[PDB]
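Reading the structure
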Amino acid sequence: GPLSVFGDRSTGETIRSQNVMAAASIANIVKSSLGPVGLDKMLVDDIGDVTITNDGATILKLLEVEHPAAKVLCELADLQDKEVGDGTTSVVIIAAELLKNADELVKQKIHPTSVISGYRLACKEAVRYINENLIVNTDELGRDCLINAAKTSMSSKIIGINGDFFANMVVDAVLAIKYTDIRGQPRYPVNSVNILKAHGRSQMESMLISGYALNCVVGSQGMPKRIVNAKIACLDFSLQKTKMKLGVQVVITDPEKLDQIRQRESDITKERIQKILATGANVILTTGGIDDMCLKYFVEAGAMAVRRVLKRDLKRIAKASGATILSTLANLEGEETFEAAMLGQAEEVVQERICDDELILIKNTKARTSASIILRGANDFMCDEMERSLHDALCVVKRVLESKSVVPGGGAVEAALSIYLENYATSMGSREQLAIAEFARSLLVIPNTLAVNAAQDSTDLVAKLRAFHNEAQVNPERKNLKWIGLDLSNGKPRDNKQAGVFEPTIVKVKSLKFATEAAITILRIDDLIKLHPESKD
Amino acid sequence: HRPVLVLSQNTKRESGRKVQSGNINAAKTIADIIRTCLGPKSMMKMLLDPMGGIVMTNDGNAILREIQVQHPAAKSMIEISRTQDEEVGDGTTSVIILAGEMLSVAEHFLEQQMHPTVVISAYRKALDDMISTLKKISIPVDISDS
Amino acid sequence: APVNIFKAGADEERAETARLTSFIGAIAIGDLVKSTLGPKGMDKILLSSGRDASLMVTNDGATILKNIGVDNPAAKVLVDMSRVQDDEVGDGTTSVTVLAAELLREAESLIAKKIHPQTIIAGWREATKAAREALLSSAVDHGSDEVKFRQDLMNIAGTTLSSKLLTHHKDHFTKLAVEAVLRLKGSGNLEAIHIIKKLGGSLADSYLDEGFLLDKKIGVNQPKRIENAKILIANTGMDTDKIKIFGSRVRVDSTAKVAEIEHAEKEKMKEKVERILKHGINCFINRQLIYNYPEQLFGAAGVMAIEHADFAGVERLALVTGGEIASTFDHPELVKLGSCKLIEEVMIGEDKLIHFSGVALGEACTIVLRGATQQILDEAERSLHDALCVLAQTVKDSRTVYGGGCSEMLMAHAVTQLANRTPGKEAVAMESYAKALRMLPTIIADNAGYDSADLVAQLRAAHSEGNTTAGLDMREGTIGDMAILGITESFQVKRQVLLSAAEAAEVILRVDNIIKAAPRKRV
Amino acid sequence: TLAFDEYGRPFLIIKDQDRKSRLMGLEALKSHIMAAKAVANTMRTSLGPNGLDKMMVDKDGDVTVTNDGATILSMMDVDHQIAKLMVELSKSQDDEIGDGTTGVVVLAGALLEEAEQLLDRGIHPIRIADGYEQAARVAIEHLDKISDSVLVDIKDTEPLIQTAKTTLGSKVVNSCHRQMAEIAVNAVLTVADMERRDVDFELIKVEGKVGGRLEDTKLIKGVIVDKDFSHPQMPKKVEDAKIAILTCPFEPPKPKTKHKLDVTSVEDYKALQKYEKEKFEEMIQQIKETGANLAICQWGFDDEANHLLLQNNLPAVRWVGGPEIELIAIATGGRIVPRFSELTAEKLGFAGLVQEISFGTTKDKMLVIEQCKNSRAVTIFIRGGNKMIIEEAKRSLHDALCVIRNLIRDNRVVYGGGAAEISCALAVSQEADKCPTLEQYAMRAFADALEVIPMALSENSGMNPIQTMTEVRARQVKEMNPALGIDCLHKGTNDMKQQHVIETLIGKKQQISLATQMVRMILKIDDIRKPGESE
Amino acid sequence: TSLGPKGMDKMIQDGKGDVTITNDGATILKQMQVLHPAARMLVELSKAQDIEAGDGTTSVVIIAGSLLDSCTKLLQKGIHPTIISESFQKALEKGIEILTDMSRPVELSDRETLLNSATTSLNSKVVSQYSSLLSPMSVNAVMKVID
Ligand SMILES: Nc1ncnc2c1ncn2[C@@H]1O[C@H](COP(=O)(O)OP(=O)(O)O)[C@@H](O)[C@H]1O
Ligand SMILES: Nc1ncnc2c1ncn2[C@@H]1O[C@H](COP(=O)(O)OP(=O)(O)O)[C@@H](O)[C@H]1O
Ligand SMILES: Nc1ncnc2c1ncn2[C@@H]1O[C@H](COP(=O)(O)OP(=O)(O)O)[C@@H](O)[C@H]1O
Ligand SMILES: Nc1ncnc2c1ncn2[C@@H]1O[C@H](COP(=O)(O)OP(=O)(O)O)[C@@H](O)[C@H]1O
Ligand SMILES: Nc1ncnc2c1ncn2[C@@H]1O[C@H](COP(=O)(O)OP(=O)(O)O)[C@@H](O)[C@H]1O
Ligand SMILES: [Mg+2]
Ligand SMILES: [Mg+2]
Ligand SMILES: [Mg+2]
């Protein structure tokens, strides 16, 4: 008679109501961590680890989910870090409210393919309207655009101070790693900034190290820990005793030739260490291993040798100091040449005190003048929060300098799109106009969440918010009310042009493209079959 | 045996006033443990280790490291005394009492329908004025004198 | 109904295991009692698992099926079929069980031949009608010339007792069974022949008493034997009467009046016995119990007193002495008394029984069965009960047919003669009806150890051209004449074997669905 | 999600919702059809004269072989609420008419099978149910076209016998197809009130005793009770019985209240003996002064009163049931007397041969009343070879007693054997085109389901369903439609008027009416709220 | 409910934990893992449609699910199943001649004919809103590698 599957089958409006409650179970979590009045959470594990964070990606990655519609919204937050980097609480609330308003349409016996086709006409028109209603590029504002866009990202986190201490350190970090490319591409690789953590003084003592901050120790306590006018030798091979390979064995037939082979394992080893040290090299960085026999040659000659450094850290030092990453001997059948003209340069390599640990600093690197940020917090829970908040702040200034276009934040984009799409649904709307009209109400949840978390008036402040944006579209008298946002500290609509509340363009363009595409896949689960777990057979 | 159609299985959810006023009582509980170990008239506190040893001390850092707590906000206060132990020497017991008292007065304003970001923005303005006061009442020291 | 089953603990089957479980459960019943059919068939011993098992050996097919407790649903129809055969004619319960099982065994052969089961029912109804005319036209009546009817009654009892435990006792037990029904001289009540089983002695020591035997010996100080007595029985209360007024007390003012009431109670009990002895009697039988106060009154007057014989004990004494029950003693001129010669007490198996020797109008008998064990006495009682019930109906219906396989070949010949005058749709079902009728002399011939493949073939060749009285001779193992050897059975016994097996096989063959419900307290 | 909210709170609506079962879907209607078709496919093989019986086993182990559709569905352990409505459908046909209990379940399963293909085409289930009401109305009006009977209950019993042969032709009483059919005709007409057209089945006593054969079933005009003569020397045959029916026990009169009668002196105790001695002589003389020679008593007898019956030549029975003596006073024309003082010659019953008959070796000795005088109560004595053939004959002959009752309620007949179902299927197909606006597909599904009952007769008779039905249905359109059906041996031609296959009009009128309304209550349901396990 | 441009997709979550959304009839039946032996033959029917045609997978189950559903009344009319198998072949051989009369001979050089054929198969999937890009890319990926 029925289906003889050994799992479970649920059809109809059961799964159509379960996917909305699965998406609302995720959105109601992250609704309390949006905007400058948002608050952080606690993520406690079974082993006892506590993670205090408010970013939309760190919470949903550590949180376990079971529903298939819940894994779509959790993987939607992971894509926002790679594509944009701060846009990762706002996408989850929009994509869940896109399913909440579309559930009210399919309960009115409206076909979901008209809602899918109605959402594509509203998503492509939202990108078209936001690209024709921008204020200015990065020429008029200058450095004031980079600082004000950085403070908007920090307002939802622990580094949202009233001053410009953390804002100036981010702009000075991205501007110091300007790496040009072919065909006129000024790239800004923000992954080259080594963000370090140390439980020390307050947040106002966060050092901006112009150069690189290596997270390693010297090793042997007989080397000079401060070298002025240093020459960095970046190399990746273990400075240990000469061990033969698997194909080579030592089969001796004469007992007199025994001790000459035993001394040869250290003579070939020390032959490399004398030709890399006679060329003026004082700092040697190694990703392999330097044993206790080879540490004597640096104490005797007065050189610094750092062992077991990361491979991702050696590439950031050799590119910034002009050093060449050498793995072995080379240069056309040469015995030991080392190409001594390709040594790195540094002004000062100094191991400072980082509150009961050792940290090596390189000052200005003499070739590229890179930057590294050492964070200072109260405990380890604040340092993990300060690292995530700084990494999201580095991604904001990266997209502004690459794509010179900013949009007003604080719900100013979602207020203008809530009224333009209602007029867009009336012109060319015959049967898909109800999906475009619900696309505007789903976008209004971003200024609605700012009024809930601020404990302000909800149905009056957003009603006063769209009152200025309606007059900016139907009354062409140059009212300039396209930048009207929210003042959550006062509870009144303010102008985000003069207040300095700036967000990048692709933090809302890619947010509206990812949330609309995720809402289509969850809208097509009218039939769902769940099989039994095959564990013990 | 059919499985129950749930979401986020075997985890807890807690929000509202029970977390804001719940982390204050966890901070007041640790500050009452080492409250009798600040003045010169203090007393030792005999502790017992899982290895079988005995730690009889009155220092604020060595007491909190021997306490295994289950509350998440109580685990934050133990890492505060570990930070004060590595930076300075005798900066332990004073921070745990002071952070419990700054959160004691912070619980009063959370009942007055005030946002927690208003208290923190007032705490950061107060922190910048406490550093400037200690530098005015300081005194230079002759380090060459024995 | 198996697909998407809407039952809780009940199961069912339709046309696949329905006729499969019906044909397995019915043949295994008929193959069980197959070894007990005929004059040379063995017997069964029935036993339980414990808790007063009470082993009871029986050769009759009704007593075997009523105690086994078959769990098969279609097998209970053949169990209930043999129960009616024991209650109506008292014989042929084994013959009706094998015949109803051989019909369904031939119907199982028609499964692979793709014959419709309603065609087999319509083919067997015409076969049963042809078999009724074979027994009716071959029945031998007996009116006058009573010296041939008493010889015919000994052939009925000799045929019934030959298939039982009384094998080498036909010279005695035939006279004990014929003369018991011959002394009834009326209706076959089948309760005046009281069978008393006593241990000790052989079956040849058993006899038919000329009078009547009883228990509950004569009083304490009363005479044990009175010659030429007048027997008066009763069904009244003697002492502690509490006579029919519920809610009557003795409310007096002093204890001297209680002594006057209890003396007045014993005077009315004495006056009741004085009304009994005005008839001029010497023996007294009461169905109820006689206490000590009227027992002294009968002992002082020289009158016997038999107290609490049986509820049906006063009925047999009323038929063997020629009196009446007489529960009220107020008219001595309207109470008929019994008659006897000797009321001496005899001792049978170290037990003193009251022998009513020399009674007049003795329409009741007493068979004193004596056997080696209790298992023989329980078998010989049922063997005599299977012989007295046929003779009680042979005197009501004097039509007799020739048994010993002769009646079955006459019935099978009439079906085969009409099977050739029918079209091929129903002629195959009629040939299976005639083959099952020939199985009944085949079971009898093979139980002795004879060549059953040739003796039934000689019976079929004999009945095909004359020889209406030719049957199976189990004495020497050949074919002989049944009128010469004297092997006859009753017409109503052989009709109920044919008719009840044809009706019971009609019910089971028409079943295409066995829907059994969920039983209680079975997990 | 279920049992949890989006805010983390437990979401409990009803108690024990984890062990519940709820289906709305599109398979909730599909689960009702597949549960009802398996009941209709079971009852399809037991339809018609070639219908095979079913073996039913009770919970106690008792086995009853039944063929009527009322007792088959009633003795099941089906715990399915859709199939439980099919049990009450066959019970409602038995309580009202009592002939088509098998055909009303195959017809209801046929309407649901045709509605399964109509459900996949997008038709609403109430729109199919509203289309079946407009289609069953045509089948009622077309069934009243040819209907006539000439029953006068005097000498024209020939339409009454042939009507009962159609009901008894499908049962196991076909060996007594002419004998037992005449029993059920004369049993109704002697007890029915023709002035009110009302038949009371309490006057028709149906008794059964094992032994004999099916041909020994006789219609005893009178009563058959278990005779309990307290005296074994009582005469077992009364030629002319003046029956004295009484309801007082043969005893001194005991009151209904607490008495505690006081005895003081010995003159009061001697007065107790003379009170009871004259009471037993008064209760015996008051019967003999009326001229009675037979007594019936509901309660027991005393031992002192037993011998006074034999001295006065007055046979009497003991411990008769409640409604048993109610049948004696109607069959004999007497009156039931409460006391002994109210006995008279006018309250006596009249009967002829009053005797007891012993059956084989048993000790039952039932009463046989041969002669009577204008009795309004008869008793059918069913005999057989076993209890399986008797309890079925009690159910088979009860269906024959009901079809004669339906002829007195309505003297219009039809012709069975599938002839009325093919003729009614042509009436719905002719009115499906007048007009085919909305309910065209619902009426054609009704006409295709009415043809399942005659094609089930062709399947059980070994013929082909679609070959035989196409021949019979085409002959009713080419000419005027006769009584044209089918049979098992086919009796030569297929004319039901010549084969005398006669069924009642109101029997088939309630087959279409009850199956349509039961389909409407199982089509107008879109949810099931059954629980899970038992405990 | 997964057929046509107005059809919805199905999501099958297996016992391992790899839940995928699928609309093609071949991919649905291979993930359902039906235990009934007669229903597993319908899974292999949609598998060979994916091999031979590639675009006949959901429709081969609607036809075979209805041809057996039409045999429900045919088996209740005394018709032998060998007679139904002979008549289904006569309807199959006459069915190809009807579809051949509706066919129009086209040429692979016409890009507008190949574009409208690929756009029809994309209307039932999730990429029906992306048929302005995927359907031109499906034709150009084929007609440049076939010669
Ligand atoms: N000063 C401010 N005034 C008003 N709104 C603000 C201000 N600063 C930030 N916001 C709002 O807070 C929101 C924070 O979003 P966020 O959680 O950072 O997104 P994501 O999770 O993608 O990084 C932004 O959408 C922005 O509109
Ligand atoms: N003689 C004294 N008179 C008054 N106060 C004192 C005296 N000696 C110590 N104290 C106070 O006792 C406190 C002890 O602090 P302590 O617990 O040692 O801090 P930490 O835990 O950082 O070492 C100091 O803050 C100091 O002001
Ligand atoms: N002397 C004899 N010669 C031939 N056949 C005999 C003789 N005595 C008995 N039989 C056969 O043995 C069979 C015994 O049947 P039985 O078991 O008594 O049937 P049931 O159990 O119904 O009484 C009879 O059918 C009879 O034909
Ligand atoms: N001689 C016959 N020829 C053709 N059909 C017959 C004949 N006798 C009975 N039938 C059919 O057999 C069917 C038996 O129906 P039945 O099961 O008795 O209904 P119910 O269960 O309501 O009593 C009737 O509908 C009738 O048409
Ligand atoms: N634009 C359209 N208008 C109407 N019907 C369409 C359109 N596009 C596709 N269809 C229908 O959708 C159905 C999709 O069938 P499909 O599931 O692709 O079959 P298969 O599983 O064999 O590939 C086709 O039968 C087609 O008739
Ligand atoms: Mg015998
Ligand atoms: Mg009938
Ligand atoms: Mg397709």
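Its PDB record attributes the structure to cryo-EM, giving the resolution as 3.1 Å.

Of regular secondary structure, chain B possesses seven helices and two strands. Each helix (α) and strand (β) of chain B, taken in turn from the N terminus, gives the series α-α-β-β-α-α-α-α-α. Here the C-alpha atoms of chain B give a radius of gyration of 20 Å, more than 25% beyond the 15 Å that 2.2 N^0.38 yields for 146 residues. The dimensions of chain B, computed from C-alpha atoms along their principal axes, are 80 × 50 × 25 Å. Scored against the burial criterion, the 146 residues of chain B give a buried share of 32%. Here the contacts in chain B between residues at least 6 apart in sequence split such that 45% fall between residues at least 24 apart. Of the roughly 10400 Å² of accessible surface on chain B, 58% is carried by carbon and sulfur atoms. Averaging the positions of the 16 positive and the 17 negative side-chain charges in chain B gives two centres separated by 12 Å.

Let's shift gears to the site of ligand 1. Residue and element names in this part refer to chain A. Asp86, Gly87, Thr88, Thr89 and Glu503 are the nearest of the 18 residues found near ligand 1. One of the backbone N or O atoms of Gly35 is found 3.4 Å from an oxygen atom in ligand 1. At a separation of 2.8 Å, an oxygen atom of ligand 1 approaches a polar side-chain atom of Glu503. Protein coverage of the free-state accessible area of ligand 1, which is 580 Å², stands at 92%. Looking at side-chain class alone, the shell around ligand 1 contains four nonpolar, 11 polar and three charged residues.

Let us look at the side chain of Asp14 of chain E. Locating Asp14 of chain E in the fold gives a position in the loop between β1 (10-13) and β2 (20-22). No salt bridge is formed by the buried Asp14 of chain E; its nearest oppositely charged neighbour, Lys16 of chain E, is found at 6.5 Å. For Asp14 of chain E, the side chain forms a polar contact with the main-chain nitrogen of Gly17 of chain E, separated by 3.3 Å. Dropping the residues within four chain positions of it, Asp14 of chain E is found in contact with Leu531 of chain A together with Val19 of chain E.

Residue and element names in this part refer to chain A. Read from one edge to the other, the open sheet built from three strands follows the order β10-β11-β12, with strand pairing classed as parallel. Each of the sheet's edge strands pairs with one partner strand only, and the pair in question is β10 (232-235) and β12 (304-306). When strand polarity is set aside, the average angle formed by the axes of neighbouring strands in this sheet is 15°. In this structure, β10 lies alongside strand β11 (residues 283-286), joined through four bridges in parallel fashion. Residue pairing for β11: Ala233 is matched across the bridge by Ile284. On top of the sheet, helix α10 (residues 311-321) reaches β10 and β11; it is set at about 135° to β10, its chief contact.

What follows covers the sheet that holds strand β13 (residues 346-353) of chain A. Sheet strands associate in pairs through backbone hydrogen bonding, adopting either a parallel or an antiparallel arrangement. All names here are of chain A. Spatial strand order, β8-β14-β13-β9: four strands in an open sheet with antiparallel pairing. Unpaired on one side and paired on the other, β8 (211-214) and β9 (226-230) mark the two borders of the sheet. In this sheet, neighbouring strand axes are inclined to one another by 15° on average, regardless of whether the strands run parallel or antiparallel. Pairing of β13 with strand β14 (residues 358-363) involves five bridges; the strand directions are antiparallel. Directly across from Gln351, in β14, lies its bridge partner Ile360. With respect to the sheet, α10 is in contact with β8 and β14, its orientation differing from that of β8 by roughly 155°.

A few words on the interface of chain D and chain B. Contacts between chain D and chain B engage six residues on the former and five residues on the latter. Of the roughly 440 Å² buried where chain D meets chain B, counting both sides, 66% is carbon and sulfur surface. Contact with chain B buries surface across chain D, with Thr1, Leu2 and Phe4 of chain D losing the most and accounting together for 61% of the total. In this structure, the connection of chain D to chain B is made through zero salt bridges. In this structure, the connection of chain D to chain B is made through one residue pair in polar contact. For the side of chain D that touches chain B, the per-class residue count stands at four nonpolar, one polar and one charged.

Right, let's get into the environment of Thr468 of chain D. Residue and element names in this part refer to chain D. Tracing the chain through its elements places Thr468 in helix α15 (residues 465-478). Each C-alpha atom, one on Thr468 and one on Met455, is 7.9 Å from the other, the two residues being 13 residues apart in sequence. With residues up to four places along the chain from it excluded, the contact list for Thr468 reads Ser458, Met463 and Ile486. Polar contacts involving the side chain of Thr468 include one to the side chain of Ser458, which spans 3.2 Å.

Moving on, we get to the coordination of the magnesium ion (ligand 6). In the first shell of the magnesium ion (ligand 6), the protein supplies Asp91 of chain C (OD) and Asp91 of chain C (OD), at 2.1 to 2.6 Å from the metal. Inspection of the secondary structure puts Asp91 of chain C in the loop between α3 (75-88) and α4 (95-109).

Attention now goes to the site of ligand 4. Residues and elements named next belong to chain D. Around ligand 4 sit 18 residues in total, of which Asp99, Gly100, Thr101, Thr102 and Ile486 are the nearest. The separation between an oxygen atom of ligand 4 and a polar main-chain atom of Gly417 is 2.6 Å. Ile486 is positioned with one of its backbone polar atoms (N or O) 3.1 Å from a nitrogen atom of ligand 4. Calculation on ligand 4 without its partners gives an accessible area of 580 Å², and the protein chains cover 92% of this total. Each residue belonging to the shell around ligand 4 can be placed in one class, and the counts come to four nonpolar, 10 polar and four charged.

This part is about the interface of chain D and chain C. On the side of chain C, 76 residues touch chain D, which itself brings 81 residues to the contact. Of the roughly 6800 Å² buried between chain D and chain C on both sides combined, carbon and sulfur atoms contribute 55%. For the pair chain D and chain C, the number of links is seven salt bridges. Between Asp262 of chain D and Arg249 of chain C there is a salt bridge, and its shortest N-O distance comes to 3.7 Å. Elements with a contribution of two residues or more to the side of chain D that touches chain C: α1 (28-43), β1 (53-57), β2 (63-66), β7 (261-262), α8 (266-288), α9 (303-311) and α11 (387-409) of chain D. Looking at which element gives the most residues to the side of chain D that touches chain C, the answer is α8 of chain D, with nine residues.

What follows deals with the pattern of salt bridges. All names here are of chain D. Throughout the structure, instances matching the rule amount to 104 salt bridges over all chains. The closest approach of N and O atoms between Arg22 and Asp527, which form a salt bridge, is 3.8 Å. With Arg22 in the segment before α1 and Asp527 in the segment after α17 (505-523), this pair connects stretches of sequence that are 505 residues apart. Here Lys491 makes a salt bridge to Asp487, at a shortest N to O gap of 3.8 Å. The exposed category is assigned to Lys491, whose relative accessible area is 52%. Looking at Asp487, the relative accessible area reads 14%, which means it is buried.

Now for the packing of aromatic side chains. Residue and element names in this part refer to chain A. A complete count under the given rule lists 10 aromatic pairs over all chains for this structure. With 4.1 Å between their ring centres and 20° between their planes, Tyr129 and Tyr420 make a pair best called stacked. Taken together, the positions of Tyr129 in helix α5 (residues 112-130) and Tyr420 in helix α12 (residues 412-427) put the pair 291 residues apart, joining distant regions of the chain. The class for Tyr129 is buried, based on a relative accessible area of 12%. Seen from their ring centres, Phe165 and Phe166 are 5.4 Å apart, and the 90° between their planes marks the pair as edge-to-face.

Rules of the game
Here, residue numbers run from 1 along each chain following its sequence as written; these need not agree with the numbering used in the entry, and residues that have no coordinates do not appear. Here every chain gets a letter starting at A, and every ligand a number starting at 1, in the order they are written. Each value listed here was derived from the chains shown, which are themselves a piece of a larger assembly. To get the side-chain values, take all heavy atoms of the structure and skip hydrogens and water. Put simply, DSSP marks the helices as runs of H or I at least four residues long and the strands as runs of E at least two long, and each gets a number from the N terminus on. Both definitions apply: the radius of gyration is a C-alpha atom measure, and the globule rule equals 2.2 Å times residues to the power 0.38. Partly exposed describes any residue whose relative accessible area lies between the buried limit of under 20% and the exposed limit of over 50%, with all areas from a 1.4 Å probe on protein chains only and scaled to the type maximum. Working rule for contacts: check all heavy atoms of both residues, and any pair within 4.5 Å makes them a contact. Where accessible areas are quoted, they stem from the Shrake-Rupley method and a 1.4 Å probe; at the residue level, only the protein chains shown are allowed to cover. Counting rule applied: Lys, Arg positive; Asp, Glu negative; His and chain ends not counted. To locate a charge, the coordinates of NZ of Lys, CZ of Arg, CG of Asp or CD of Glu are taken. What makes a residue near a molecule or strand is one non-hydrogen atom of that residue sitting within 4 Å of it. Polar contacts, as used here, are pairs of N or O atoms within 3.5 Å; protein pairs need one atom able to donate a hydrogen and one able to accept it. Residues neighboring in sequence count only if both atoms are side-chain atoms. Amino acid classes used here: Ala, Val, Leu, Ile, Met, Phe, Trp, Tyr, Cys and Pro are nonpolar; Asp, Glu, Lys and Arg are charged; the rest, including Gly, are polar. One speaks of a salt bridge when a side-chain nitrogen belonging to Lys or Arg is within 4 Å of a carboxyl oxygen belonging to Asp or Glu. Any two strands between which DSSP finds at least two bridges are classified as paired. In this analysis, axes come from line fits to C-alpha atoms, helices being fitted only over the stretch in contact, and the angle between any two N-to-C directions falls in the range 0 to 180 degrees. The term buried area denotes the loss of accessible surface (1.4 Å probe radius) that occurs when two parts are joined, taken as the sum for both partners. Metal coordination here is assigned from N, O and S atoms located within 2.8 Å of the ion, or within 3.2 Å for Na, K and Ca; omission of water means that sites may look incomplete. The rule is short: rings of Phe, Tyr and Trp, with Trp giving its six-membered ring, pair when the centres are within 6.5 Å, and they are stacked under 30 degrees, edge-to-face over 60, tilted in between.

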